[PDB]
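First, one chain by itself: the form deposited in one PDB entry, in structure tokens.
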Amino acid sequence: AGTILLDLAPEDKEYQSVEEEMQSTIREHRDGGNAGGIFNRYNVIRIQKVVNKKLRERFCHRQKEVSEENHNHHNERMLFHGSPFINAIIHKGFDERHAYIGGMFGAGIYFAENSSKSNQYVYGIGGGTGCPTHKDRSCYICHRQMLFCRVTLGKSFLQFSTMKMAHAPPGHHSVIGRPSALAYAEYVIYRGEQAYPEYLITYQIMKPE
């Protein structure tokens, strides 16, 4: 339950890399920016490493189970995640019982390779009502947050179109929605312990001008 957030220095290459994955994976979205807001760059305020003994225990236990079940290859990937429930994720860990039901691959926990895709879910599905303060889906004042996660993919099952499932197919540990049709790739897990909220990114979207 006890989380420790260690601040990474802007001069540390651990921090520089995380910002590089965030900034370099920004892509033009089909909604014209309705959910995330109009922007071309981020203003990264703080990058923190999330430390929780039990969450790391749950994840490492599962990683071992997935590894054994997939020829000793857990197939981990660092993907982004945006959710209005960041606080509960860093303290209580991801919970499949809070799976995005409305998803194209059903009730799973969704991650993106593109940071801009996760930014549309920072304030809820389709950006919700936006920032709690100024009710703006495009707010440039409020500090937003998202996670850059360690995700245990195991044997991924590739899909190209909407296929609703509750759990990953037999013999598989995850679903990947590939851009064929799809705008950007989306990664889906059906178990909370197959993701660890490694990095906590406090940032702002930048008003172009």
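Numbering starts at 1 and runs along the sequence shown. Here, rigid core means the biggest group of C-alpha atoms that superpose within 1.5 Å across both forms.
The discussion below concerns the form deposited in another entry, not included here.
With the two forms fitted on their core, the C-alpha shifts between this form and the one not shown stay under 2 Å for all of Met78, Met104, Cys139, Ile90 except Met104. Here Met163 counts as shifted, since its C-alpha moves by at least 2 Å between this form and the one not shown after the core is aligned. Annotation for the pair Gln145/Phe105: C-alpha atoms approach each other in the other form, by 3 Å or more compared with this form.
By 3 Å or more, the C-alpha separation between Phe105 and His172 grows in the other form relative to the form shown here.
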